[PDB]
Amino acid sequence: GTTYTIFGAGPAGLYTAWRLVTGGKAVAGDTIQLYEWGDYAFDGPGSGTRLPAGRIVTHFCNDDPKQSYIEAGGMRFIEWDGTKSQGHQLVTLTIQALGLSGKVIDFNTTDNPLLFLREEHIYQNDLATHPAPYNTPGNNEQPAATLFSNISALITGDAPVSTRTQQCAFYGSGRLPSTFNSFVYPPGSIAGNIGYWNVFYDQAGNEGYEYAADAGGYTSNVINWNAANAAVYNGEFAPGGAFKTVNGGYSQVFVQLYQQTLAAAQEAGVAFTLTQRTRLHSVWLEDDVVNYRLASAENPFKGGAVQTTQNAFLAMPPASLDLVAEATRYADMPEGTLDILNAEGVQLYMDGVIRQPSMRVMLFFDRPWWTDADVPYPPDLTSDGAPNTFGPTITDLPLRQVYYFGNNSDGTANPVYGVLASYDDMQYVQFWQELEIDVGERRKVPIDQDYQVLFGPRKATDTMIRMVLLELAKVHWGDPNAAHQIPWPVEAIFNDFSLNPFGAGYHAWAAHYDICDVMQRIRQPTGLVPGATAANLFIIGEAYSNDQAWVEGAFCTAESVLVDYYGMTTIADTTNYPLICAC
């Protein structure tokens, strides 16, 4: 029979295993072996150190599955709308196929976010009468979204950028219009070769860019990524749709993928195993044969015996690929082998994305203190005639965004009220990292070897809690001394996604890349080595997807490999929804 070897039991790896079994590619006598560096709880409470999987982690207060939770990784999705050909199609189909559609609930955000900008408090609806304190004439009396839409329209001109296929085409063929007005960028410049921040800065000035970066919504990405993709993902015609979440947490999607793959595998006579605390150490090819070594979590740098497979999936992000590639980069390899991950074209294409570091502080309170009548600037979470919302509040601080989940339990547990504090971007990674160690302690673990998110949300230090309460005091009172009015959290924990093996909260397509060509060709990296024998060794996950902010992208790259390289029938309707861009 046939063995399918999957390295990484994140969303992409779990989805792959589930499709091979339920789609009937893996038949009685076949083997699917899943290897995961971490030790996730797939088999209920006590079966792991955190819920699955990868950068999705539902965190229950007190690790009590009946309690309020905060998503310490990915938190929401966009429901597929087949009439609009918009939304997370594979996520929506997968939730339905797993029997979880009944648990889908609205994720409501406020129409009127509090903006805390240069020590001013402005509810976004008041910008016409209380201009934002940025020297950007016109723009400062409008929500940042208006400036986003205006900058996108200066880049896309009259190009069609409304459909997913049109957006994909703009990545490769999109040019600045004949009317582009710039000292720096000529009309007709290839937009894929331009940095988004570079051109936003050119067109709107430092104050226009800073306002957009500080006051913009969660889903508008202002890093210096590919301007062609950024323009179509931040513009008037950006993909949208209704935000939803899975009541009880996103992590149950990954528990169910595992459990239902195992039950379907038993019915089909397929051998499906998950081996945790076991990482891919090194990988290489001998013609079509994938050679690999594993390492234990206890001793992650030391390989075991050389193993072979004909089918290998690297279901892991760039920083994770880098650690594997480092194990052969400097090695004297056996005669007639191909050190595939270190081939020039593979390395070049792996650099087709840039990295955004992220840190999430999760705090549970015994009361929703932000709703008290005497809070000077409460978050605008519940308008009359509309539903309740989770915020956010949006700031120019290190603590750039706050969500207020409150009591999201079934209400049977002792009520606690959750807050999510978001820290992001290269600017701030060194700011938050020193809060991760107690003020009475020296560092003990080399930073590159602290696999904190892999293990689970880490207890917040007293310094970390006090910093979050100081920033929330400035946001909601405008007085740092008001931190004394905030009750001390009953639990506070963090996830620092900049740490290995994740190395990033988010990936974004880089300037100076043909995105469609990287999306197409990086999946089977032998294709990037002239004269190499084809091997069924694949790279999958959200990082090289067309949906980088989302589990959808991890599913879509995985689906595209099953379709293109295993001839499987897609579960999606791709007529208006290319899983990845075609060139």
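So that there is no doubt, residue numbering starts at 1 and follows the sequence shown.
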{"property": "Average Cα temperature factor in the PDB entry - higher stretch of 305-313, 374-382", "result": "374-382"}
{"property": "Stretch exceeding the other in mean C-alpha B-factor - 208-216, 410-418", "result": "410-418"}
{"property": "Residue, from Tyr349, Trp197, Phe272, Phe494, that the PDB entry assigns the highest Cα B-factor", "result": "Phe272"}
{"property": "Among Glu441, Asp126, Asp450, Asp462 - the residue whose C-alpha B-factor is largest in the record", "result": "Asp126"}
{"property": "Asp39 - Cα temperature factor, lowest/middle/highest third of chain", "result": "middle"}
{"property": "Chain-wide C-alpha B factor ranking for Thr393, given as lowest, middle or highest third", "result": "lowest"}
{"property": "Where the record places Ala572 (Cα B-factor, split into thirds across the chain)", "result": "highest"}
{"property": "Relative C-alpha B-factor of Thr49, binned into the chain's lowest, middle or highest third", "result": "middle"}
{"property": "Ranked against its chain, the third holding the CA B-factor of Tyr403", "result": "middle"}
